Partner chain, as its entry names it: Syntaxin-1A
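One chain comes next, on its own, written as structure tokens: the form deposited without the partner chain.
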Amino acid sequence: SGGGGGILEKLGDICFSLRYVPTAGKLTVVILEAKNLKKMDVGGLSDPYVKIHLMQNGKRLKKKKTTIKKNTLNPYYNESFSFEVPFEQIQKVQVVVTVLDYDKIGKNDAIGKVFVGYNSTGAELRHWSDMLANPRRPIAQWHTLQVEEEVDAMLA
């Protein structure tokens, strides 16, 4: 019950898998695809890529990113990333997933973002809980993207 703050924001959706292996402390995130992304380019679509940050207590611990897809609002990635999070630490971290529009000049604008893990809610909490309940199993789920202003206020 709960969450859902991004639902009416019309930014798009992202699908990713989560897998956690407690003995090894291995957390794997596979960025699968995004859909219905907000159009960001004047007279165009978007050039989306995805950033994945591991966070704790407002601190960005590790940063990864996908390749850039050109001229699409429905990119497919299928790109895997892993983090080392020991089992005594896994309930205390966040994984933050941001979709951005690439441009060769200027700060790239976020389309929207979500996070799973500590302090997550709604479908975000559900995905994380499903990961934890099923050691070694990859669990794929869709998430609604939310405006950066709101998500960052929750992360800070």
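Take the two forms, superpose them, and find the largest set of C-alpha atoms that agree within 1.5 Å; that set is the rigid core. Numbering follows the first chain given and starts at 1.
Below, we turn to the form deposited with the partner chain bound, even though it does not appear here.
Exercise for review: Identify, from the list 45, 30, 125, 55, the residue with a heavy atom within 4.5 Å of the partner chain in the deposited bound form.
Suggested key: That would be 125.
Review point. Looking at the partner chain in the deposited bound form, do all three of 36, 73 and 76 come within 4.5 Å of it through at least one heavy atom?
Key: Contact check failed for every one of 36, 73 and 76.
Review point. Does the partner chain come within 4.5 Å of any heavy atom of residue 15 in the deposited bound form?
Key: Although the partner chain is absent here, residue 15 would stay clear of it in the deposited bound form, with no heavy atoms inside 4.5 Å.
Practice item. Answer yes if any heavy atom of residue 132 is within 4.5 Å of a heavy atom of the partner chain in the deposited bound form; otherwise answer no. Key: Residue-level check for residue 132: yes, a contact with the partner chain.
Point to revise | Sequence-ordered residues of 65 to 92 touching the partner chain in the deposited bound form, heavy atom within 4.5 Å | key: 87, 91, in sequence order.
Review point. Following superposition of the rigid core, which of 92, 59, 63, 107 is the only residue with a C-alpha displacement of 2 Å or more between the shown form and the other one?
Key: The one that moves 2 Å or more is 107.
**Study point:** in the deposited bound form, shift in Cα separation for residue 105 relative to residue 149, 3 Å or more
**Key:** So the answer is closer.
Check your understanding: By 3 Å or more, the Cα spacing of residue 105 and residue 112 differs in the deposited bound form; is it closer or farther than in this view?
Key -> Compared with this form, residue 105 and residue 112 lie closer in the deposited bound form.
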